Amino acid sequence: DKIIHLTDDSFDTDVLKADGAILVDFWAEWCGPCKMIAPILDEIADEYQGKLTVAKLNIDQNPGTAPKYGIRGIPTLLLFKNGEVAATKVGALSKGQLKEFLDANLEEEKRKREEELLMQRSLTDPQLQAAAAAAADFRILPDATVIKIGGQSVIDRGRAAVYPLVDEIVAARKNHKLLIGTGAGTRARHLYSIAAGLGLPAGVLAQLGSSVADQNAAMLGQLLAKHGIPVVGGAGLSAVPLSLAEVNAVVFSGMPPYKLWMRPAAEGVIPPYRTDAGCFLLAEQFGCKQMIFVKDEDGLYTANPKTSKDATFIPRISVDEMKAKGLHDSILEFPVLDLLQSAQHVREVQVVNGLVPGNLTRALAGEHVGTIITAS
């Protein structure tokens, strides 16, 4: 066994001068509740190898030590931390109740060994990965909401689409904290076609698309400048906190910063992660309230309604239900649904028709209009 049998003399070097947490049993052969905890105690000795050291002191053989700590009960378990009594547990306990006590006192010790594991073991190790998932979850901007203003679906249309949405934005801004992200559109489709024509990789295409999303953010942010709403970037988003606090809204470019480090698609050079993914992950990172995609259709249909005489509208669908229906062309990029399932903060998205007045304002107030795509 790992249990140390102590003596009145041995207590100075085995308990006081010994490093690490020690649990000492003040027991006696006559004591009934001792005879009960004794098997439970040498069992936890193995179950707590290297975490805690178990010690036993029979009072009948060693009667000096007990009155020094005011032991007026049997059994009494004392948890020693660097020659000082940290916690006491008088009486008999069940198997579970003992662990419950030990753990509630050895939390700082468990934290220190978990920290040590996060610095010695590989990041690929499953035990390290599992201990990390168990950490606290902080939402940076929880009362904030992320909105995507479609490139081809709205900004490429111009005045008729944009001007009303600006009016909805400047007003909604008074009640909700908005992070307005932009799409790219046909100028990006053209670059992609030219670049693809040359056989340039997705990393290169990703940089081209990023610029169109920057132009759209600059144009959208100009109509909002009189209202104090700014355009943000710099790959650090240093200006976002002050702007959200004071003016309640920002305009950012929906493109991910991946550039040449853009993960390619299964086949083809079109970047798989465009503005739907850039906007979603920014909502996911900050821990935002909701993620709204403002497009040119009521939401998701069975097929593309621009190329379908009659398609059935889907008001509520899950990603598994979407994948199982096998969508030929989706309202959102296929990898966004794979990111939605993996998401920690944004466990559902909403698609709305920004060409219809009030749709944004109504969706913002929480009312379900259009398609809600849920993670599970």
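Each residue number is its position in the shown sequence, starting from 1.
The PDB entry records a higher mean C-alpha B factor for 145-153 than for its counterpart among 145-153 and 205-213. Just going by the entry, 348-356 versus 8-16 on mean CA temperature factor gives the higher value to 8-16. Considering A324, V54, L337, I317 together, the PDB entry gives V54 the largest C-alpha B factor. In the deposited coordinates, the residue among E168, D137, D296, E107 with the greatest CA B-factor is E107. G185: CA B factor lies in the lowest third for its chain, per the PDB record. Per the PDB record, residue ranking by Cα B-factor puts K99 in the highest third of the chain.
Among all modelled residues in this chain, the alpha-carbon of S122 has a temperature factor (C-alpha) in the middle third. In the deposited entry, the Cα temperature factor of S238 sits in the middle third of values across the chain's modelled residues. Split the chain's modelled residues into thirds by C-alpha temperature factor. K89 is in the highest one.
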